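Notes to accompany the following structure.
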Amino acid sequence: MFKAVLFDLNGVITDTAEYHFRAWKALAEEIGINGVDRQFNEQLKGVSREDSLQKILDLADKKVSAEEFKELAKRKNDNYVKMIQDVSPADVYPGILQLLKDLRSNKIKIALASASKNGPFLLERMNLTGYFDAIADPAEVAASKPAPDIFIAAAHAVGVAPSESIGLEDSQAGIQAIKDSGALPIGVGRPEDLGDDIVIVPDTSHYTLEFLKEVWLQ
Ligand SMILES: O=P(O)(O)OC[C@H]1O[C@@H](OP(=O)(O)O)[C@H](O)[C@@H](O)[C@@H]1O
Ligand SMILES: [Mg+2]
């Protein structure tokens, strides 16, 4: 029996991807870079703020000082934060609040393994903070997804190994991160996007305690 569930935020608990996309595209336009389109943005799922900026600069082979790099990330983040000011418990994806309740009632540990430094703010606005035993801080890990680091940190933060855990994710990078951490992935989306070798649910309402348990068995 698994002892913990490690949650991606964007794409599982809710999804603010549209707002991240709008903010990055607006930044890119401001600094003269073309090619920040929806296809390009798909690649930024699960990827750190700093890595995402670097990918965007790479499109135009643009060079910036370390200090300009910081200013640009801040500018985009300030814009993204403005865009998520109305997030509320209404934004929680279907099945998620009940899963958290059930996990908690059954003494299963709950950890956030999000690349977003806006993670704690979002969980607060959704009234979910109380379910989380720990939040892996993305500013303390060495790498973006698909590195396993964030999942390894989330599991260790609640006193268990990743191999004793289930990771829920919506992105390729995140699925790969879970795999490489040693945790059991259950993807949400399409087997085309996330793999044939793993259990995939079509949407978050299929994330139930009884479904997790049954998958932890096969
Ligand atoms: O630190 P921030 O600027 O708030 O966000 C960093 C990243 O968080 C990720 O969240 P997740 O891992 O899916 O929950 C997003 O998928 C990604 O597009 C974003 O760039
Ligand atoms: Mg995600």
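The residues of the chain are indexed from 1 along the displayed sequence. Only heavy atoms go into these numbers, but all of them, side chains included; no hydrogens, no water, no symmetry mates.
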Exercise for the section: Please confirm whether the backbone N or O of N10 pairs with a side-chain atom of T14, one donor and one acceptor, at under 3.5 Å? Expected result: no
Exercise for the section: Evaluate the side-chain proximity of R22 to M83: yes if any heavy-atom separation is below 4.5 Å, no if none is. Expected result: yes
Exercise for the section: Tell me, with the steps shown, if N118 and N77 meet side chain to side chain contact (heavy atoms under 4.5 Å, CB included). Expected result: CA-CA 9 Å; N118 292 289; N77 186 60; 3.0 Å; yes
Practice task
Over 60° means perpendicular and under 30° means parallel, so classify the ring planes of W216 and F2, tilted if in between.
Solution key: perpendicular
Exercise for the section: Compute whether any side-chain donor of one residue and acceptor of the other, for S171 and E169, lie under 3.5 angstrom apart. Expected result: yes
Exercise for the section: Check for a donor-acceptor pair, side chain of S205 on one end and backbone N or O of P94 on the other, with a separation under 3.5 Å. Expected result: no
Handout entry: Cationic N near anionic O, under 4.0 Å, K55 to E50
Key = no
Handout entry: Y80 six-ring centre to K82 NZ/CZ under 6.0 Å and within 45° of normal
Key = no
Practice task
May I ask you to decide if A161's main-chain N or O and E164's side chain share a donor-acceptor pair within less than 3.5 Å?
Solution key: yes
Handout entry: Over 12 non-hydrogen atoms of neighbours within 6.0 angstrom of CD in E192
Key = yes
Problem - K117 atom NZ, neighbour heavy-atom count above 12 within 6.0 Å - result: yes
Handout entry: Ion pair check, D61 and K63, cut-off under 4.0 Å
Key = yes
Handout entry: salt_bridge(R38, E18) N-O dist < 4.0 Å
Key = yes
Handout entry: Heavy-atom neighbours of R75 CZ exceed 12 at 6.0 Å
Key = no
Exercise for the section: Could you tell me whether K145 and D51 make a salt bridge, using a distance below 4.0 angstrom between a side-chain N and a carboxylate O? Expected result: no
Exercise for the section: Keeping the roles fixed (side chain from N106, backbone from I108), state whether a donor-acceptor pair exists under 3.5 Å. Expected result: no
Practice task
List the steps and the verdict of side chain to side chain donor-acceptor pair (under 3.5 Å) for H20 and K76.
Solution key: CA-CA 8 Å; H20 282 299; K76 177 267 171 173; 3.0 Å; yes
Handout entry: Ion pair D197/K179, N-O distance below 4.0 Å
Key = yes
Handout entry: Check ion pair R190-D193 (N to O, under 4.0 angstrom)
Key = yes
Handout entry: Validation row: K109, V5 side chains within 4.5 angstrom (heavy atoms)
Key = no
Problem - Heavy atoms from other residues, nucleotides or ligands near CZ of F69 exceed 12 (cutoff 6.0 Å) - result: yes
